[PDB]
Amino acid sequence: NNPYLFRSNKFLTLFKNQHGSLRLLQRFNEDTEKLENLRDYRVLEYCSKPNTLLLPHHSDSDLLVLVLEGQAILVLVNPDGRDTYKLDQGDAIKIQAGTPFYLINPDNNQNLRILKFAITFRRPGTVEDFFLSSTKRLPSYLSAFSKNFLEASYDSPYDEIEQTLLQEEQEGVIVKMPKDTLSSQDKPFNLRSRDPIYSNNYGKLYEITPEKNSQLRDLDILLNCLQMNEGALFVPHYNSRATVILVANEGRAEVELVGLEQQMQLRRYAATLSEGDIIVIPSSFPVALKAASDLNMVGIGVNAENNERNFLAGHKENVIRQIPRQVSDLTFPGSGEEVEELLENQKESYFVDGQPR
């Protein structure tokens, strides 16, 4: 039993047609008591074919949108105008709750895959979408108002309102496109916009923290991007404050997560993650990851302010190397000098050769 592992098939389909799909991960606390810290957050996946449009809608939740694959055009509609953004792979943006938006895949050949992280507040753990369009699955929300309210509001006869706004035009909310100051800070940012925080011949990790990004600061979230070569190992380490929701994007990751529970109580959670699989890494739990193939993953860290990552192996940022000999001698079965010598054997930091010996 691994209560931290969310396979790709634990996403429920909200909508699917020939043009794309929207899927919603089960609540983090559906099957476990151990993830109450995550009860206000939901994960969605949006996939769309080339030359498609997701129709205008607003969400009741704040959304952090990330392009995992492809390219998008995002339009955010405000009461007095609209903002249009091109999103390339690795671009993220916050969409404030209550902003009507639509999404286009402008590519002629490549699918679009987007991760949406929902931060709920209206009804904690619930995310709702309000589509202007009537479709087979639901009438327009405008159609729920009475005839008298609609005729008065639009100063128009009901039959004109029904024929122009309310009747079903599209089968579904993903459609094919027709065939032949504060502006700067609210803009998309790329996960690889800055130098990687860890980088060697085996792997790289990029990280954007709330301390360095105003959209993330509002949400208390960090975003990271992991790139590893086949055979590389991201050595045992833990996060002091962030709980990381780790999403497999490309490749296969062999994760080992070490936990302490209340039912003594030391547990190895081990899983190989394929594309779309998620594992939650609680703060203070040691974790390591071996690349079974060339891989790319994205991490969404909640409770992110003042997070510090502590390493247990390798040369740099290894907390065990900072214990003085007289105390390491009492802590470990080796002598102080033997512990010190063992911890100096690994000349690499962060990512190492994971080949068996």
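A residue's number is simply how far along the shown sequence it sits, counting from 1. Definition used throughout: the rigid core is the maximal C-alpha set that superposes within 1.5 Å between two forms.
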Subject >> Farther-lying stretch by C-alpha RMS in 4 other deposited structures of this protein (rigid core fit) among 168-176, 152-160 >> reply: 168-176
Original post:
Where the other entries model residues on both sides, is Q185 skipped in at least a third?
Top reply: yes
Original post:
Do a third or more of the other compared PDB entries fail to give coordinates for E261?
Top reply: yes
**OP:** If the chain runs straight from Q263 to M264, say none; otherwise bin the unmodelled deposited residues as 1 to 3, 4 to 9, or 10 or more.
**Re:** 4 to 9
Subject >> Deposited but uncoordinated residues in the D180/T181 interval >> reply: 10 or more
Original post:
So 213-221 or 164-172, which one's hotter by mean CA B-factor in the entry?
Top reply: 164-172
Original post:
Per the PDB record, is the mean Cα temperature factor higher over 147-155 or over 71-79?
Top reply: 147-155
Original post:
For the listed residues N190, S284, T126, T272, which one has the largest C-alpha B-factor as given in the deposited model?
Top reply: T272
**OP:** Sort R241, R267, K116, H237 by C-alpha B-factor from the entry and give me just the highest.
**Re:** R267
**OP:** Could you look up the Cα B-factor of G98 in the entry and say which third of the chain it sits in: lowest, middle or highest?
**Re:** lowest
Original post:
Should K316 be placed in the lowest, middle or highest third of its chain by the C-alpha B factor in the entry?
Top reply: highest
**OP:** Looking at the entry's B-factor column for C-alpha atoms only, identify whether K347 ranks in the lowest, middle or highest third of its chain.
**Re:** highest
**OP:** Using the B-factor values recorded in the entry, state whether the Cα atom of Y85 falls in the lowest, middle or highest third among the modelled residues of its chain.
**Re:** middle
Subject >> Where the record places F130 (Cα B-factor, split into thirds across the chain) >> reply: lowest
